[PDB]
């Protein structure tokens, strides 16, 4: 059985005070023992969160670069994350692919480098509304996955969670239907079976992201190839706990 996985990406939000309050809310929450929970604060708040958050929730960075060190003003290395005791990193998120132009190869290089230096990776993929309307959903997400698959080894995949996030569902309030999400997750898993291995396909979590909230997460969690969620803005609000508990 694939362990249910809920990631909370806080994006560019938070102060010391509101993050202390948010961590307090998590430290007091009754969480489904069967969910693996990860939260991703802003880089500058990674020490505050790692020091004070309950140890059964792990911490992620929101981005990292491709080299161990160097003349890369404004970038964080996977080595700094490991030095600070941050075990996860979100990579390839739609906001970085679009606003900051990160290419499929760039995201692949980050993934390979993060995995080789001890990090676990939430790998984000997903098609735009235009690509869907053109009938290109599968072509796009498999192209995005293939860039990673061509660089990492079969055993690397054990440290990867795949987040499928339709760009048209991110922050828009237009959630994929359970049938739409399931169709793409099933096709991602089939692709993994035919290009990496059956074992990778069977064991890799494929989580869904894009306007997941308290009211729709339970039905989404019932789908057989949906292994959890990547949550954006709801991750800052108390309904993050309901989403963690979507299998109850």
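Positions refer to the first chain, counted from 1.
Comparing the deposited coordinates for 174-182 and 125-133, the stretch with the larger average C-alpha B-factor is 174-182. As recorded in the PDB entry, 115-123 is the stretch of 102-110 and 115-123 with the greater mean C-alpha temperature factor.
Listed residues 63, 52, 69, 223 were ranked by CA B-factor as deposited; 223 comes out on top. Within the group 59, 207, 44, 212, the record's highest C-alpha temperature factor is found at 212.
For residue 75, the recorded CA temperature factor ranks within the lowest third of the chain's modelled residues. In the deposited entry, the Cα temperature factor of residue 25 places it in the highest third of its chain's modelled residues. Compared with the other modelled residues of the chain, the Cα B-factor recorded for residue 18 ranks in the highest third. When all modelled residues of the chain are sorted by CA temperature factor, residue 152 is found within the highest third. In this PDB entry, the Cα temperature factor of residue 6 sits in the bottom third of its chain's modelled residues, the lowest group.
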